[PDB]
């Protein structure tokens, strides 16, 4: 009898929440922040660093995890992980609360990093990278980044198995997990991923030449056409890692009593994907979406529809929201409209919230950071391809923030739609960051 959310939630997890062909996506907006049970551990010392939140939830249980670095967020020697496996429940007065059932600190010699979780029928699958050298150091590591598929079962026990990267990520130099969540689809769990591709490798050659240029809604990038093409053509090998091709990619693994069984990579064509970066594998109802961080020139939040057959996947022309920009360094700030070759941004995923009877997406929820270049002013709101709804603010004052990963669901019992935005926040006295789960109820005008 494995852990399941309370009955008030059954049928309201990971499904298409608001199907309204009439009303305007934006008429829907986030209410003020709600007080729920804060299930994400805060730093217990003045220097402790807790970052990189990853979270997924299936119709039965939810998974969560983050990074813990004793000395400070800058130290990159060792560090452990925190994992949680729980279920949603309600109080007599119908308040909701994330009730973790298994809370453990996974800490041993091995230094995992940038890990992603996903709710599977066995427990909480986690995809990790185990590093020695720094990111910069590893991208030069001719040999591909070491990876391991782990899992925290309903029994509180943890087990993992390193994946044979010398083959799996053969044509790579660096290869880390998208940090965003993974999703379970057809007995398989699909994680996002990116990293470096060994130049001139079989893999590097098919992408060689392939580019793609997504544009802003109302801003037509001036710079001549020949200029834009060439720029994009190179936006896949930024100077940050010495021209190395940072390619997107999606890994799948068979979900069974054997961790890391039947892995399979799927390297989409840059003719459709953009510069590789952190991403999340979403699943709402019957649709699937690959979220990709805006680490390149494109600023608007993206969403590449995903389809699966066999053990591989297929991306498609991305859904986009212009109001959903992210802070980033010039020439790739929040308003950037021209293809360039940078590498910045921050993880801030959009959650599919409103569809059409024809099951096409329309509205999304998530937490952006209003600010051209710096990582400031968290902001929660509903977004359509163009505009933004009334917003709710973490703070009406300038505020330091980081990764924000959202997720919505409904309490059928109290017919209400809630959204969970796990946001990295600045913190005093106890470390650099506090990973707090903001909770909002989706309300609509009249």
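Positions refer to the first chain, counted from 1.
Taking the mean C-alpha B-factor of each stretch as recorded, 345-353 and 240-248 are not equal, and the higher mean is that of 240-248. When the C-alpha B-factors of 197-205 and 278-286 are averaged, 197-205 comes out higher.
Of the residues listed, 151, 188, 210, 89, the entry assigns the biggest Cα temperature factor to 210. Within the listed group 296, 120, 367, 314, the record reports its top CA B-factor for 296. Ranked by Cα temperature factor within the chain, residue 268 sits in the middle third according to the deposited record. Among the modelled residues of the chain, residue 4 sits in the lowest third by CA temperature factor in this PDB entry. In the deposited entry, the Cα temperature factor of residue 75 places it in the highest third of its chain's modelled residues. The deposited CA B-factor of residue 126 belongs to the middle third of values across its chain. Residue 85: CA B factor in the lowest third of modelled residues in this chain (values from the PDB entry).
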